[PDB]
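Okay, here we've got a single chain as structure tokens, the form deposited in one PDB entry, with questions on binding and movement later.
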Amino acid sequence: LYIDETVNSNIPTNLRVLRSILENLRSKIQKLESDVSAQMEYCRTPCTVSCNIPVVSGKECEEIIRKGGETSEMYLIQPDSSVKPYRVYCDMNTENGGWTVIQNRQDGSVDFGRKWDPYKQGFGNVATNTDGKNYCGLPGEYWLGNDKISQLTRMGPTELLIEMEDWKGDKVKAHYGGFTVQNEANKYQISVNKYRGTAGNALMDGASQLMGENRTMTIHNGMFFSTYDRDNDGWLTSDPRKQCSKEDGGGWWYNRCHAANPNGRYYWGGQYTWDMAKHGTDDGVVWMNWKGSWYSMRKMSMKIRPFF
């Protein structure tokens, strides 16, 4: 008598629902199937710019502003006779103005999940033209080559400024009076000091939400640079499935992963979840000591200037 008929008009319910979302995805799929081909079409033709070089130039932005470089825009510099002169975006405003932008995020128009070579060589758009104006007075998202960076940091005492912004418009800085990047041979080993910001000393102190060794092993100072195709992280395990930089993961100075990653994936809106991340990781543009764990910043950048 304990026969169960319900499972004749109980299943159709646990079934009907399965039909809905299943068909829901089937259409959702073929929807994405279109957006891609459209973008693929757009891509038949590239984007272009025309940035005429300012007459004034120097070893870097500092010398330039000292030389009269008043406005923030793309400038051409040359650290020495050896290095071929290269384009860079100078920020002549912010603190004092001798700001040589080493990294910049603002809209997610550039792929940061790139391999070793692109990072060492540098990639992205430095600046872009404005409406009607001939010169490129606006920066673009980019990454100056590691070499280009390494060379500069080692050229003399360099101070590093890191500015960021949330999706609520709020901004915070992170100042490091000392900054260095070794040659490729030393795997671009990073070293900073003299913190004096407002966002949180994520580089020397690790995440302010972790305890004991957990916190201590997320410090980036003294860490090596790593890309999804080059392991140099603090994760010494022999297990292949465990690396701090997975595919399409920003190259950064990892150590048992991180406390911050300004090169992480650009998640729109800031907050993002595990079921959204490619590998179920915190791969976005994070800065734990400030906006927390699963939160990608709206604006993030790294500039450089000689510390006197």
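Residues that one form lacks are left out of the comparison. Numbers follow the displayed sequence, beginning with 1. C-alpha atoms forming the largest set that superposes within 1.5 Å between two forms make up the rigid core.
Comparing 220-228 with 203-211, the higher mean C-alpha B-factor in the PDB entry belongs to 203-211. If you average the C-alpha B-factors over 66-74 and over 240-248, the higher value belongs to 240-248. Each of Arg265, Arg26, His279, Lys59 has a CA temperature factor in the record; the biggest one is found at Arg26.
Out of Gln103, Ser82, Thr180, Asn183, it is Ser82 whose C-alpha atom has the highest B-factor in the PDB entry. Per the PDB record, residue ranking by Cα B-factor puts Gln30 in the highest third of the chain.
Split the chain's modelled residues into thirds by C-alpha temperature factor. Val192 is in the highest one.
When the modelled residues of the chain are ordered by their C-alpha B factor, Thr130 lands in the highest third.
Remark: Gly97 belongs to the highest third of its chain, ranked by C-alpha B-factor as recorded.
Placement of the Cα temperature factor of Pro118 within the chain: lowest third of the modelled residues, per the deposited record.
Separately, the form deposited in another entry exists; it is not shown, and the next lines address it.
Once the rigid core is overlaid between the shown form and the other one, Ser20 does not reach a Cα shift of 2 Å, moving by less than that. In a core-based superposition, a mobile segment is defined as at least three consecutive common residues whose CA atoms each shift by 2 Å or more; between the shown form and the other one, such segments span 7-16, 239-241, 247-249.
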